[PDB]
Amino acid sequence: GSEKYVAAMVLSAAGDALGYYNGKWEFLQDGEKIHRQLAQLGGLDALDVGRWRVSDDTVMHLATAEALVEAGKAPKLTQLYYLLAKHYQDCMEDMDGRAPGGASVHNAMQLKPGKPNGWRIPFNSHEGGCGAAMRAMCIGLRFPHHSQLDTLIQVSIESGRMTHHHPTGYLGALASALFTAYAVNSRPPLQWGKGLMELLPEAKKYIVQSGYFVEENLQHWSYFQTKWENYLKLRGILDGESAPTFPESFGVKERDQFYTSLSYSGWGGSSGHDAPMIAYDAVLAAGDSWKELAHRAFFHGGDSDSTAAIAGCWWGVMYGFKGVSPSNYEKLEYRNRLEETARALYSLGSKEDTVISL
């Protein structure tokens, strides 16, 4: 349904804005303090996002979505990648006060849309941030059909690699896009992690045949895979055939500690592996509760705008606006653009088509 695509785009942006709070909550490392301030504001249902700007996450996600819309039906990947690179480069003019990420901004300005392979960048050991994952969800809105899985894999990886040429970075884009497609198709969330694990060898097959920095990509592959395997084992969902099990003590402070344990270097949710992982952990626990989703994915001491942007997209696809206080989105920055782009993505994604690959 079109309304679920609208909710996916709008609630991803609402999550971003809520987990950002004009920077005040993004950069507060104490989840308990964030939750105290939330209560002082009146709780989530009382928050009005009219003055809560979206961050770079939404600006980039909209850039991905607009490129997908402009590429049209039965698109050529050469054209799509030109449009993606152009939109990523141009959207850096809309980052004032949005705390843009390092790899995202630097590499977007390096791109040369219009040269052949001009959106390709070298492998880099420090390009494992979540900036590719945070902007990839709508790739799954565009390519949700089983027949399009190879396109979803290729486009999510290449969109990611335009700024994050490191498997920890671009495999997060794959996870973000893939789980959105699963949500579109009503696949139960407890099956999603297993689906990602089964598709990682197909992602590797693409990277190898693509031929760029194969040795470096392979040398760094194990980190993302191992972190996800261990997380899925901890939750009891490695094979996709069990309800998840959560720890007995899993309040705000315990979640901050857990998110730090998942992190690469201490900031939970800031990398390609852990931004979608924390969003997924929130989805698994929250079911149809927007408030629980927010408490787990929007309001924590880590990189909360990025886990929120991912979680809000997946949740909106599944549940629409049901149980969401209107003040959480009615006056949201870019609401009209988000809704119009979502409707255009729906017209494309709901109509199964075939892409002309590279």
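Numbers for residues come from their place in the sequence shown, where the first is 1.
Is the mean CA B factor in the deposited entry higher across 173-181 or across 158-166?
Averaged over C-alpha atoms, the B-factors run higher in 158-166.
Which of the two stretches, 67-75 or 129-137, shows the higher mean Cα temperature factor in the record?
It is 67-75.
Residue with maximal Cα B-factor (values as given in the PDB entry) among 277, 196, 108, 284
That would be 108.
If you rank the chain by CA B-factor, which third does residue 336 end up in: lowest, middle or highest?
Residue 336: CA B-factor falls in the highest third of its chain.
Comparing residue 29 with the other modelled residues of its chain, is its CA B-factor in the lowest, middle or highest third?
For residue 29, the deposited C-alpha B-factor lands in the highest third.
For residue 262, return the chain-relative third of its C-alpha B-factor as stated in the PDB record: lowest, middle or highest.
Lowest third.
In terms of the CA temperature factor given in the entry, to which third of its chain does residue 41 belong: lowest, middle or highest?
Middle third of the chain for residue 41's C-alpha B-factor.
Modelled-residue ranking by C-alpha temperature factor, third containing residue 47
According to the entry, residue 47 has a C-alpha B-factor in the chain's highest third.
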